[PDB]
Every structure is written in structure tokens, then in C-alpha cells.
Amino acid sequence: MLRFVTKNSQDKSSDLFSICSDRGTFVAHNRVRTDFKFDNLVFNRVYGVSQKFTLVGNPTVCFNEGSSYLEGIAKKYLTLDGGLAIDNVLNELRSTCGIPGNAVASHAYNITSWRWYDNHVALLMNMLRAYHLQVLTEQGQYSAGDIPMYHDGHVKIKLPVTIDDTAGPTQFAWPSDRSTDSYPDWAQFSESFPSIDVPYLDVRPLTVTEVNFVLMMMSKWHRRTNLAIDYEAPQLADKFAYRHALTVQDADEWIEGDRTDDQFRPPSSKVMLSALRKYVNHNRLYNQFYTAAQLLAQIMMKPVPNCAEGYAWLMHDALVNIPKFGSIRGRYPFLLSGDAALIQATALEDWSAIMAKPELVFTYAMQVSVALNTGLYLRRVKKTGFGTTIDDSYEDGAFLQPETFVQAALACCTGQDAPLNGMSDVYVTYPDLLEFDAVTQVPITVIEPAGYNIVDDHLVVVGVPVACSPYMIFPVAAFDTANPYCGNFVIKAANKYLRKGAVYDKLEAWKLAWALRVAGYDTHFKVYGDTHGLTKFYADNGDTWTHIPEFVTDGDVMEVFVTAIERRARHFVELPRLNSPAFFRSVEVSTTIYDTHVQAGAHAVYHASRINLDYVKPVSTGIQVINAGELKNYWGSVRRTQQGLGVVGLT
Amino acid sequence: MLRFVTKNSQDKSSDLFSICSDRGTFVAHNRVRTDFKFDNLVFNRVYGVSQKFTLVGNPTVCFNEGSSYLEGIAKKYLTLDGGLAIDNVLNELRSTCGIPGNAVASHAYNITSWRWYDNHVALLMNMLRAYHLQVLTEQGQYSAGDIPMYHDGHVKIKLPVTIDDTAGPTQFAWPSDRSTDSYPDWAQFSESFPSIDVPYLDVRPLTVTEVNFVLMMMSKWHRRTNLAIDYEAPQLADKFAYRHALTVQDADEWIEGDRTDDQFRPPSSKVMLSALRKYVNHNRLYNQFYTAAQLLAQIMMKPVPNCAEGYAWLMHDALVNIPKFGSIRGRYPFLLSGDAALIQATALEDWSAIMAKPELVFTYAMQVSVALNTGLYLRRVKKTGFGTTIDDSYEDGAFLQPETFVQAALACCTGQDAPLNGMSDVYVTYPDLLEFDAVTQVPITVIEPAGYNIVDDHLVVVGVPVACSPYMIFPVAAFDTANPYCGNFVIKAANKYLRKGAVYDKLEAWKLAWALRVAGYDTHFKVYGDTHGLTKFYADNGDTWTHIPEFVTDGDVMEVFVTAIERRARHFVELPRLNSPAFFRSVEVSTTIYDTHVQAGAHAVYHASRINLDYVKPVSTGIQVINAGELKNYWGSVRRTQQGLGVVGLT
Amino acid sequence: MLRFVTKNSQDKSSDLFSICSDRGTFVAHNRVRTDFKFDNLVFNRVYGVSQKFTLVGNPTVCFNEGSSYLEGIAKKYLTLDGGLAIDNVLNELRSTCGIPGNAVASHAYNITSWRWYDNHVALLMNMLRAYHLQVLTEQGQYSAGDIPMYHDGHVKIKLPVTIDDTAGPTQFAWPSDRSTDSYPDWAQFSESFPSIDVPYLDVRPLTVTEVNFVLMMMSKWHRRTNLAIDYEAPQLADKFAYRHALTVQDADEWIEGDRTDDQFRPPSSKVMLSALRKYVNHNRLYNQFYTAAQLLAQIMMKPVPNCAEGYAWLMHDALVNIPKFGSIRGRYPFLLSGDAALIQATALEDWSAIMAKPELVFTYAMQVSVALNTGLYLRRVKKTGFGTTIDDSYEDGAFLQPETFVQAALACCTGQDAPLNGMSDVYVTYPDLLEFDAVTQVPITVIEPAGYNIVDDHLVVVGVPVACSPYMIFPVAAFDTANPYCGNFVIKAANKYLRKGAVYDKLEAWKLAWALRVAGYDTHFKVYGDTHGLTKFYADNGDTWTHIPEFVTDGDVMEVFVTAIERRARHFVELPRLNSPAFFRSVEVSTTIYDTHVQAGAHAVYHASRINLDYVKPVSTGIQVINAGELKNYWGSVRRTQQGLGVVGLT
């Protein structure tokens, strides 16, 4: 994930922005300068482009079974090919247990040394989400979510929320609620020989507050806010025992009225980070934490569209496949004694980067939301080749299996090799949006129709619409040729001229429309075919980006006529008559970014924290690390090729 | 058998599905994409296929004693063969323990006329089926179970059910009755040496509740549901005694009516599995457990037939040979000690795998059911000469041996090495299915004669019909040549064209018809006989599989006249006419299954889990492992050789 | 550990100091000469430095059972691992002693469910602390013990004490109470074979009074003084039995009140040590005794801080993991016979050394305390990058493992191979000290704000402060480069001079400031921040050590502006100004400690004794010695490698 965020060490460094939101949303401001090269002279314009991101969401969880992983075991027990040496783990118990006779191995295999279902990624989800919520809490920004009330005088949209924004809590209370629901049974089991088949976790190097936090968050999660991360989650395990030298019972007392909320307020974000770092470093959970970060980032937030038709993508809900929690590392103290067993290098470097800066996960999530939303429309277009490909040889099979859905979308949008989940049966997916013809309905209020194909008072949207500017992944290089996405392009003459002298293919017509809307001239396009009532290219005043109209996507018509270019009231840099001969000049448009920052409303400016590849140096002290990986465990990167996109290892 | 289930998926993504039932049935949805590449114009079509299954069955059980197996004792008590070194036992009694010479001499004189009959296969059968029933009950769907009600709108067929679901129980009742049926005369044994030739059990490592469950489940088992694994079975031993530290009294009060039902509930599935694990790994019953697992898998369930005529497969009832219960492990306490001798490697690894994941047995049962049906059907088909040039004596070659019946069926189906029972005189058989003229009078209530072989108010079939489709096991190489059963097939030019259309061979015509029905074209055909009421390639929806046309089941029909190729009501991919010599093209297809997730009924969806075989190495400590097998015991595999399927060693 | 204490003085003049206390504290005077050689003009100054210590502490003890160690029995009763050859035990019972076959068979049947948990570490802990307390009492200075009352004339700080000295006892009272607390149910055992799984002790070689002391000291131990080694501890075993020739009755009358206090006095220190020696060398408990000695040393005492902020180090309380008491040596009389097996060489030599001189433990405790504090502080410092070019992950590298916590601290401090505990799941830890932001609210009563980080009426610290000075262990090579911690350092030219003075690096400035404060010049400095109330290099008298200036604890500060070099009130050696480029000279210093003699308070002076290691060879007769160690048991050493400190074998 770190390599993708840093765009392969571009300028040797990268950047990230802190998590922050107001009423469940936050703008993402920018400043850009767009040049103009014609008449062997330069014009330019500077304009502040914004972008709206919302944290609201209602994903659906599935705490199903998942494959067990034993990577954080000593080298002497695990093997690259032999794996778990059951004889080696068993006979070590005999040398240390007080159980007599030769039936020691039989009893141990009967009771506890048969399951081998070590997997804590659900717990890592819980704790990392808790850290993010606590950040939003003490930053004075924790509240119920609220999708913005989109309004332009024309058709307007409003989506409902589970809980009221004002009725939402102003402080982060506990996930579970005391004296309402059951809690898992826990007890410090420090015996050398396990007695009952039950998940075991080693939290010896954790302080009392950290172990209290972990064992309390072990219980059921209850949603109290509309945020996409407050998803419902039951208690991960019905029963478990924690390997701690000291006995901790503050949570147990708080179950009864013994401890009030005052004396059991949730801890601080640095306390959560210390607990998580201690836990991961102790149990050698680098790959599992990397997978946890991937999963949480993929559900962090969605980009609020600036167009009326964009809300169709926003209204959707995702499905998460979190494996059932199971922990077998406290069953035997000697398991952790020794170097870690084949920890993935990408996981290690990513873990070190997150420890250096805990904001990398949020910045990656912010990038990935925009990247996925763009990549869905991008693959829908690229499958048909603007309706100019006969067969279906684009080979979009990487979008079929729900595991690689998001990663394939990322590899489609940007040429960067999207990072694999590093696990199996775990994913976030919108199955209804699998095929490129994704019809959907939008609930719509009562406004007068102005060429917006309103059907049954419900905006009918086909597929997925591009709903966010690419300004945070600007070098996207989505199309093969030059475009606003690439950043620098040159407007060319019309293909031919006729009685209104405007013959342009959809792609360069959209290029010219975006250039003119940047320059302050709205453009009128007219095709006598299917139009649905749009005569000018759709754009937003706050965000000068011009969304590609549907007729470019449908691939039926290949030409669009731009009859007259009108001048907006908010005039800007003057241009000649482009849509006429003997006056058009080969203008070229380039843009660069001036200032990028993330602000919640207009208050408490959050200066960006620079991150470079200097601290990327992993801690290799007693951690057997392998850079290579296997596709079986989904350790690779989906890469876009000439014919399409496929999954390959990084080599 | 783990090797078989892994090679079914060629060691890539070895899927397995949780047990789940809805009224005794369920359905396994898939998502398979089929290609159509011709003239470098690659097309494809994805579609969901649902091959449903039913757990309802009424097998016939014959409890006949067979060979006595003693391959779990220490080496020093066993000779070079299975012969028990009884003289060694008495010498060890003389040497190790200090017993009066008169006492040991009297015991040795008494033992000279004792039966060393030890077979716990029936006990393992009962315990495993009880565990599965408890799993199904705690899942909340256990009931009497009913055969599916299938109708095509032209014929309505409903097989009678012995016990209806409405009157069926909802909670798992005990196999026996409350003092209504006599219980076995169990007793407590704790001395060093046996006193009566009655078999004795070693159940010391088990807990009080597990011993209660085993002892009272030893009683006569009554069939209370139409479940296939709910076969009737008598008390496995009229008298016995368990070697335990203390006597167990809880079950006796319930037996005699002192304890009511609520005071004695059925134990959990987890504790049942723990008891089974303890018993097997304590008596070292790995081989007998492997045989019992094979029997359960082969007797688990049958596939619901999509077509009408396939219900004949549901009509037939299996016959089994369960050896009588015998136990000499509890006769002496030293026998189970030492290093276990004569343990098969395949049995050990299979036992480790099934205890690591208790769903391997169920997925192997599903695979064996579908493979059995396909193997029998394609055996009948290849008897004609369809697809196979060599007219091998498939009728009576190796299908006579009941122990090798199902394994030979699997060999004929897939070509993979079917795992043998590993035990003598134990098998599952359908005696009325060896003949190739097996007809059945399936009761029908015809709505209208859509065209079938309906005779005497209830139609008949020939041999074995088709009930399933090769989708749980797709890459099955039933035929040597390319076919839909294989991954991909290349449609070739017609043998001869003519004015009305073209004629086709036995296999090529069916292959093209299946490809066209997948594409969306319904294919008509004309045959020299008039033996049916429809000139169509029947292909029921839900799986889009075109059954082998019944006309080719008989011989002397090598050419089939195919005409009238046209689109159906719905259409997926445009294809050339393929019958006229002008429009014909060398269409090549390719099929691959991507996703599969069984779901019980219409609410409970059970996502496909996964198995990490790297972590499931067997517990090889303290075990004398033997890779080789003995053909008289049927410790081997059967492979479909080009010269005829036969039993071979794994070497 | 003897190797460690000898290498601290590089095997030359291995000093050691008698235990001595004054109100729970004492002070270790020294006489160290510091050189100043420049331009062949060698100067020097001798001065007495006093680094005082306190024995007062309140550690937290968690009595949790851990791994069972059996490495003291004869070879024939032990397998290749720690597994007890119980079958060998029963065969030897059969062969050697003439016991009825029925009796031995019954005993063998009973023994099958017995716990071979044997760990006498808690017992050795208790006996050693009792011996030390009796030594301190007979020395005539035992009391409740009070924390020192330190004030600089500007802030008055006094840590609260649980038990004041005035009400504190003057004579060593018994750990238990006169029938107020229940005593363990001891008994007399003399038969050949055990009868109950309750642990049994072999105390035959001990005398009647020693057995009385051990048996009644087995009871619950109450904390009656604020001594660090006076931790509360419950009864180590509710029931037990001692293998002795005759029963012991003297203690019982005192237990039941029949015997009054004067009739039963605490036994002498000499007889306590004799009893400990007999017990250890009879049960062959060398490894467990070495572990217990390590624990006592690591938990003995803390250094009184000269500076005000160092009292935060005294605020923190340790946490320990003492394994539960277990004894199987007394189960059978033959076990202790034969040749002892699995005895570590280091443990044997350390045991011989500590019994030759019972002060080695105390001097090693003092050294481990000072090394611990210095290691933690310089770890926090080197996290910034002070002195060390490589920014190794010192935060969480190997400090997570509690068993390796203090050893890693010692490795970071000195670079010498720290001796491991030699036992699993036993450690001393400060959980609130792993984090680098550990703050404490030390209660202060400010007389006047002389300039400190005083906030909220009670100042705070960051991480771990400094309380001691590297004078008990002078040649400590904490930093790779030359420094005051090393023997000598060469002051080099300034990086850049300027009109007001010169600027200096992070390390060179502190080195020069320390050298100048030793010389007699007070050095001022200016920093880009304003984070303190004094621009001075703080150096309290009594030790003439200049603490690391707190400004450099944080990062992003590489250059420090130093000016105003001038003589203090008193002066020792004339030095050039060293800041102006003209007066600057290449001053080179050299430091060496000559004399040291701890003295308790102001009256009792304990001259430094000596140890002749030539006469302290271990008793290797009748012992199977093993030089190698097993990393799971933590039988090794940790060395500060250039690539990061880690656990290595001694080979």
C-alpha cells in the first residue's frame, strides 16, 4: 500500500492528510494553475478547486469462516514447505508439562493442538477503527453523519440516515452498552497445559489499561452513528482467555454498576496506538495488520459527487467478508520465542510506515475511494473501447471474483499495481455493480425538470458515473492519449467542417469542453440522436471539472457537433473563435497544483505532514522476511496490460 | 481421499462447503463463464448454474460380521501380520506385572477359547452420523426431510415420503426410546485382566458426559427421519464393559426413567467431535475411522434431478455391509500403550485433515455422489460406443466386486484414483443397477403429454438416468476426446452437408447442441427412429446442461440429422448457423467455473470456505506408518487405465 | 552473571560491597581522578563522588504458575528432554525394591493423573530475602525504611511512605502472624512412594531448627516494611509434606500459641545460609537458584536521584512473575540420588561463587540497578539520534519480551552480554516505561521557581529520568564514540565559530560542558526554543556529573549555541576558554576511578572487600554439566550487536 501511495517513490517522498470531518463530511480544497499556449504566448488562470468527501456509509458484514494463518510463529516450528511441524510443537510441550505418561501428545492433540485457527484480523479491525473514532472524538469532530443537501435550483437529491445528526453523541461512548447485552467470558489462563479448546491470546507485555481496552473491545460492537466504520459487529468470540501475568477485571466490574462511566471513560488515541503496537510487535501479526489496514481503508469514505446523477454510486452499500476471529498463540508460550516465520516484506515495510505516521491508512483510503470510483467508469468505457471494439477480449475477468474487485478497479484507474489483500475469502464488494450495465435508482425530491430525464420521480442512472476530480492522483494517466487526466493536452482542429462547421469525436469534444469551461466559456453541443435533454456540457461552479456526458459512454454515436460556444457571465481568459475556421489556433492546456490541503469546513487548518521513504527501513531484528510471494495466498499485484488487466506477482 | 479431492481441483483452490439443509435439501449455486472464440473474435457469457441436492434417503443396512482388524496395537503385541501375539501378551503379563502364577495360568487357560473380533466401524458410523445430526439440529433446520416437489408444467411427480415434515420432529430426539426398547447390558471394568469373552472398550480419556453419550448411544438406534444417514440400526453389542477410572451413573437414571428429558439434553456438536477424536486417537482407530468416513461419504446424499426421468435415480435405495461391533482394546490396558503399529499413511493424513476441518467429509460426500451418478450414466453410454473407440467390457469388468463398485464408478467418471474402502466385506451397492436394462415405474401425474416415454400411466427409464451435472467437479475428463465435460472443446466441420442441413456423428452432434444451447440457440434434430415425443436436445434451466439425447443410448445409430438452428426466447451470444457449409466457422469454446457458494433454501447463504493444507500435516509422532497396502484388505486405489479400470497399488 | 560482573572491571580488581542500610538507604563514596593533558601540560584533579542508593520499594508480585523444570534429577530418570521417564521410575521400583506387584500396580494406576509441576523458585526467593532481612537486622539497622528527603533549596519533594520509620519495627518480626493467618497444612512423609498428588519436599540433610524455619516460613508472608525485597506473598502451598527422618514439632507449639516469642527466636543468618545451601545442593536446584538470584538482583534496589526530576524513576513500581511453588523431589527418595542431570555451567559457577561470598548477589544487584537506569535513559536519548548515527528501532525492538526487558536494558547500557533469567515466564518489568512519553506527577512543594518544567503544581518528566551516575560501573561504553561514559574523550574543534562564541553539535557540546564542569567552569548555552527556566548544564554536587541537557531529548535540534564560559564559585584546574578560535586548544582528558568504599549513613564505613576467583572453582564432581542453552528456556545472553541487540547463545 505504501508504494502505491508514494507512486513508486516519486520525488522520493509523498504526503498525507489527517482524518477530520464535520457532520460526517469534509471538503478537500486545492489551488491549481492552468496554462494556455497559443500565439507563441502564454495565458494562465489560477482557481481554487474543492472536493467533498463523506464518511457516511452502511456496509453489510459477514463474519464467516476464513483460512487460518500461522505466520507469526517461531522458525523452529514453522517451515517454508513443511509448515506447522506438529511433532515439533507437541514434543516441546512434553519437555515442559507435568502431565505423566506417553499420552501427553494424545491429550494435547485431543484438547487444543488440533484446531490451529489463529486469525486476529477482525480484532485488528476493531482496534484500528476504535483509534480512528477516538481521533475524531478528541479532535472535536465526532458526531452523526449527514449526506449533504444537494441543491442547484434544479433537481435535488437527499438520502436518509439511520440516526439524527443532532441526536448523535458528541462523545465516543463505549461500543457495547452496559447492562443491556451479554459479554464474552474471559479469565487469565496462565497454565502451561491448556485445559479447554478455546482461542488464546498473549498480551503479557501490555499494560493494565491496554489489556483492559483489548479485552473490552473483544466484546460486541453496537452502532451509534451513521459513519461507514460504525458498522454492527457481534462479540468476536464467545469465550477466550488472555495470557497476562497480572489479573485485570475493570471491564468485569464495569459490567455491573461497580464502575461508572466516569471511571471507565475510553482511553486516548496514543494509548490505543501503544496497545496496538505492543500487540502486533509481540504476536508477529504484520501480515494480518496489513490486511486489516487494507480492509478498513477500503470502507473508510466515499466521495460526494458534485453532479446530480453522481449520487447513484454514493447510495450503494458494500459487503465485507471478515473472517471469524480465532487466536492460537497463548496456547503455548514457546511459540513466539524465536524469529517470525516468513513475514512478507511489503507487510513489514507498510507496518513500519504506519508506525512512523499513523495517517498513511487514512490517506490511502482517501486516494482509493476516488481511484475506485473513477476506475469503475473507466473499465466500463474501456470494455467497449468507446463502443469501438467488436469482441470482448478486454479480459476483465479480474472483476469477477469479489476478492480482486477493488484492486482491479484500482489497476484500471491508475497504472500503479494495486496491492493484494494478502489473505483469502476477505474483500469488500458491490456485487450489484459487477457488470458494466449497472442500472440503479435514486430517490428524488419534487423539482421542475430541466433536461434531466427524470423518470417516476427517480433519476435513472445506468452503470456508474464519474463523481470526483482526480486531483489527488493527478498523474493518473488513465487514457493512452493526452487528456485532462494526463494534465497536458493540445486542442486540435475539427475533423471536418459543415454548414455549422463543428465535427468532433466525443473524446476530443469533451477535452475542448473541459478546456473552455476552465477558461470560462461554457460550450453548447448538439446531436440529433439520443440526447435526453442536455445541450451544454455538465460542470460545477465550485469544482470546475466537467463530467463526461453519457453519450461518450454509450458508444453508439461516434461524433458530436459543438454548434456555438457561449461566454459565461463569470468571464475569464479571452479566447478566439475556436469553432470556426481561419480563427482556431492550436491551443494547448497544461495544469499544475499549487496548494493541497484538507479542511473540515473553514476552521482548524490541518497542515499536511510530509512523509518520505527514509523511515521505510523495516526492523529486521529477528524477523525472517521474504520479499518474494505466492499468488495462492493472494500476495501480488493486479497490473493493467495492453489487452487488459491481470494479476501477477511483483517478482 | 484428500489426494482425490485436491486433484479434483488440481491442488488449486480446494473448495469445501458447510453442511446445510432446507427440508432435507439444498442447492449449490455457481458462476461459470463460457467463451466463444472464432476468427479472433472472442465472446463470452457468464451465467449462474444451480445443481441442487437432497439428503433424503432410505438405505438398507445388513449388520454382518466380517474380517477382524487389529492394526492399532503396539508393535511388540503384533506379529509380522495382523495375528495377535497372544503368547507375547501372556509373557509380558508374566514379566511386567507381579501376578500369581496360578492366576496367570488360569487366565491363560481361559483365554484359549476367546474371540479376538475387533471392529469399531459400526461405532464410528453411529457416532459420526449422530454428530452430523446434532450439527444439523443446532443449525435449526433439522426435520423429517422431504423429497423435492418438481414439476415442469407438463408432468407432476412427487415421491412418497415415509415421515412427513409437518409431523416430523424439530429437535434431535435420542436414537433409542425411554425404556421402551431394551438397552445393552453395559458394565464397569477396572481390573488388569478380562473375565468374560464379551468385548471391552477403553474410554478412559473421555469425560463423564462423553461416556454417557457413547454408552447410551450404543443402544438400538431408531430411524425417526427420512434422512439418508438416519438408517435403522440395532444395538451394536448386547453386552460390553468400558475401561474407565470411575463408573458412570447419569445415563442410568434417564434409562430407567428417574431422569427426565430436560435434565439430560443431547450434548453439543463440539463435545461430540471431541469425544470422537479422543476415542479414535486413543484406540488408534485411524484405519477403521477412514473406512467409516468413506462409507458415510458414499451413503450421504443423492442429487435432485433437473429432468423428469432422473427421479429413477432417487427411486433406488442403497445396500450396505456394516461389520458387527467388536472391541478387544479394553480387554487389557497395555495394548493401547507403546507405539501404534500398522497405520496407513493415507488414513492418518485423512484423519488429521477431517479433524482439522469437519467439512471435508461433507464436501467429499457431495463430490462422490455427483461422481457416482455421472460415472454410472457415462458407463452405460460408453457401452454403446459413444465417444470411446474401444468397446471395453464395461458391463461386468470390475463392477462385480461390491467393495470396488463405487470406486470403479468414480474411476469410470473422472479417471482419478478412487480411494478404496481399506477394509474387507464392507461396501455400498445398488444391486438392481449392474444390469443395463434397469427400469423403474416412477409415479407420474401428467398434466399434458409434452413428449416422453410415458407407458402404463407411469413412465420408465433404462439403466441409470442423469440427475446431476458436472459442475461441483468441472474438469472431469470422462471422455478421452474434448467435450463439455472437459474444459474446452473445438467444434469441427460436419462430416457431410446436404440441402436441408447437415448430418453429424454421435458425439459431435451432442457437443455442438450443448454449445449452441449455452449460446442461446435451440437445436432440433431428426432420427431414423420415432422413439420420443420431442425432437429437441432437452436442457432444463437452472444449469443450462443439455442431457445426452436418449436416442444415442442404443447402438446402430452413428449419424444424426440436425436441422432447425434458431434463437430461443432469450439470447446471449450471436453465433454462425454452423450447419450450412457457407456460414460454418471453426467455433472454439472455453469454459471455466469462477465462483461457487452453496446456500440452503433461499435465506441461509453459506459462503465457500477454504482449507490451508500447509497447516494440516499429520501427527506422525509415536506412530509406525506404512505407505504400502494389502489388496485383500482393499488398501489401494482404482484407476481407469486405457486397457480397463482395475485395482492398483498407489506406488 | 559472574562473567558479567568480572568483565565490568575487565577481570581486574573485581570489587564488591557488603550490604548496609541507613533508614533504608546508603551511599557509595568513590575517589576518581580526572586528567587534562594538552600541549604536553598534563593536569589532574581528584574529587570524591557519592552516588547514593535506597532499598525502599513497593513491587507488585503476580504468583502465576509457569513452565515446570525438572533439570535436577539423575540421568536414568530423565529422557533426552525435560520429560520425566515415569515408566523408567516404575521399572526401577519393580527391579530395585521388593514391593508387592499389586501395590506397585495400584501406585502406577494412581500416578497416571498426577501433576509433575516442580518449581522451587518462589521458595528460593523467600528464603534468600529472609536471609538478607536477617542479615540487615543483626547488623542493627533494620527498620521500616524511608525514602530520602531531598531538597535543593528551591523545591522540596518527599515521596509518601506506607509505613513510617518511627512506628516501624526494630527487630525482624516473623513473616506470618501468631495464629492470626491460617498456616499451610504441612505433614510428615517417610514412606517409599507418594500417596497424594500434593507436592513433597526432601529436607532430610537439614537440621531441626532449619526445618522449623523453612516449614513455618512456607506460610503466607506479610509486608511489614517498605523494603523493596519485602513484597507481599501468600502461602506458597496450601498443603505439602517434608521427607525427613523424624517429625518436627517445635514450630507447631509457636503456631498454636503454646510457644511464646522468646522461646522461638529468628535463626541466625549463618544458619539460614547453611539451610539454603543444604536445600539447594541436595535437591540440585542450581538452575532455579540462579533464576531466583537474578530476580532478587533485578528487584533489589533503586538509585536515589541527585537531580529533582529523577524522582520519577523512584515513583514507578516493578511487576514480577513468580512461578507457583511445586515440588516433586520429595515424592520419591531415589530421584535426588545418582548423578544430577541437566545442570548449566554458568548456573553452577554462579552458585559456587555466591556461596563462597554471599555479597556477590548484592554487588550485582547494585550494578544491575545502575545499569538498568542508565540503559533506559540512554535508550530514550539514542532514539533521538544523539551520539548514534544509525536510527535503530530502539523503541520496540527487543524490549517487548518481558523476560528479556532488563537484559536488553543492560545490553543497551553497557554492551556486555547480559545474563538471561534461565527460565520461562519469569521477569521484572515496568509496563508504563516501554512508551517514550511516560509522564508522572511528582508531588513538589516549590520554595521558589529556580527554573523547571513545573506544571499543575507538580512537575512532569518525559520517559525515564536520570537518577544515578556511571560510577559504580565506570568504563561503560554506552556510546560508540568517545564520551564521559567511556574512559576518555578528546574535545575537538568547533564546527563553526562566531562573534558571540561558537556553536556545537548534539554530543560534542554536552561532552565539553561536562569536561568544563569537572574542571570548574560553569557553561551557559542558548537554544532555539524556550522550554526551560535555566540556560545551564545542570550538574548537582556530590557527583559532579552534568546530566544530558533536556533540550536535546527531542529531535530537529542538531546545533546548540554555547557561550558564557566562566569560573564557578570554586575552581580546580585552569583551562583555556575553548570557545573562541584563538584561545581554543586540543584539550584531551582522561578519567580513572581509584578507590570506592560504600558507607551506610555517616558512621558505619564498609571498606571494599575483594574476591579471589582462583579459589572459587565450582564443585564439578558428580554433576552432568551442559554448557549450551535452550532459547525457549532463555538460557543465553543478549549482546548489543551493531545491527541491533538480540538474544544469542554464549558460543
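K.L.:
Would you explain the pattern of salt bridges in this entry?
P.N.:
Side chains carrying opposite charge are able to pair once their charged atoms draw close together. Taken as a whole and judged by the stated rule, the model has 64 salt bridges over all chains. Residue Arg639(A) pairs with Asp417(A) through a salt bridge whose shortest N-O separation is 2.9 Å. Of the two residues, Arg639(A) is situated in strand β24 (residues 637-640) and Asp417(A) in the loop between α12 (405-413) and β13 (418-419); the sequence distance between them amounts to 222 residues. Here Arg639(A) falls in the partly exposed class, since its relative accessible area comes to 38%. Where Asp118(C) meets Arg329(C), a salt bridge forms, and the shortest distance between an N and an O atom there is 2.3 Å. Here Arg329(C) lies in the loop between β11 (319-322) and β12 (340-344) and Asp118(C) lies in the loop between α3 (101-111) and α4 (121-138), a separation of 211 residues in the sequence. Among the residues examined, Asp118(C) registers a relative accessible area of 0% and is labelled buried. By relative accessible area, which is 1% here, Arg329(C) ends up buried.

K.L.:
Would you explain the interface of chain C and chain B in this entry?
P.N.:
For an interface, size is often stated in terms of accessible area lost upon the parts coming together. Contact with chain C, which involves four residues of that partner, is made by four residues of chain B. Both faces considered, chain C and chain B share a buried interface measuring about 310 Å² in area, 48% of it formed by carbon and sulfur atoms. Among the residues of chain C in contact with chain B, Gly101(C), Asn102(C) and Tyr109(C) are the three that bury the most area, contributing 86% of the side total. Applying the counting rule to chain C against chain B returns zero salt bridges. Applying the counting rule to chain C against chain B returns zero residue pairs in polar contact. Among the elements that line the side of chain C that touches chain B, the one with the most residues is α3(C), at three residues. Along the lines of polarity and charge, the residues of the side of chain C that touches chain B split into one nonpolar, two polar and one charged.

K.L.:
Would you mind going over the relation of the copies chain C and chain B with me for this structure?
P.N.:
One copy of the chain maps onto the second through a rotation about an axis and a displacement along it. Of the two same-sequence chains, chain C is brought onto chain B (RMSD 0.0 Å, axial shift 0.0 Å) by a rotation of 72°. The operation mapping one copy onto its partner corresponds to a five-fold rotation axis.

K.L.:
Would you mind going over the side chain of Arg223(B) with me for this structure?
P.N.:
Residues and elements named next belong to chain B. Here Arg 223 shows up in the loop between α5 (208-217) and β9 (241-243). Buried charge without a salt bridge: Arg 223, with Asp 230 as the nearest opposite-charge side chain at an N-O distance of 5.2 Å. There is a polar contact of 2.8 Å between the side chain of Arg 223 and the backbone oxygen of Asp 230. If sequence neighbours within four positions are ignored, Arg 223 has contacts with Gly 57, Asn 58, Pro 59, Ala 228, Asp 230, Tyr 231 and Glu 232.

K.L.:
Sorry, what's going on with the pairing of strand β3 (residues 30-38) of chain A here?
P.N.:
Consecutive side chains along a regular strand alternate between the two faces of the sheet. Residues and elements named next belong to chain A. Burial analysis of β3 places seven of its nine residues in the buried class, which makes it a mostly covered element. Relative to strand β21 (residues 591-596), β3 runs antiparallel, the two sharing five bridges. Bridge assignment links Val 32 to a residue of β21, and that residue is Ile 593. The pairing of β3 with strand β4 (residues 41-47) spans seven bridges and is antiparallel.

K.L.:
Just checking my understanding: could you explain unusual backbone geometry for this structure?
P.N.:
Residues other than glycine predominantly adopt negative phi, and peptide bonds predominantly adopt the trans conformation. Residue and element names in this part refer to chain A. One non-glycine residue, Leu 342, adopts positive backbone phi at about 55°. The residue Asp 425 is not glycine, and still its phi comes out positive at about 60°. Along the polypeptide, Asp 425 turns up in the loop between β13 and β14 (428-429). Taking the relative accessible area as the measure of exposure, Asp 425 reaches 11% and is therefore buried.

About the thresholds
Residues numbered from 1 in each chain as written, not as in the entry; some residues may be left out. Chains lettered and ligands numbered in written order. Part of a larger assembly, values for the part shown. Heavy atoms only, no water. Residues with missing side-chain atoms left out of burial classes, pairs and counts. Salt bridge = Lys/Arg side-chain N within 4 Å of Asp/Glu carboxyl O. Helix = DSSP H or I, 4+ residues; strand = E, 2+ residues; numbered from the N terminus. Buried < 20%, exposed > 50% of the residue type's maximum accessible area, 1.4 Å probe, protein only. Contact = heavy atoms within 4.5 Å. Buried area = accessible area lost by both parts, 1.4 Å probe. Polar contact = N/O pair within 3.5 Å; in protein donor to acceptor, adjacent residues only side chain to side chain. Nonpolar A, V, L, I, M, F, W, Y, C, P; charged D, E, K, R; others polar. Least-squares fit on C-alpha atoms. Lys, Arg positive; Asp, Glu negative; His and termini not counted. Pairing = 2+ DSSP bridges.

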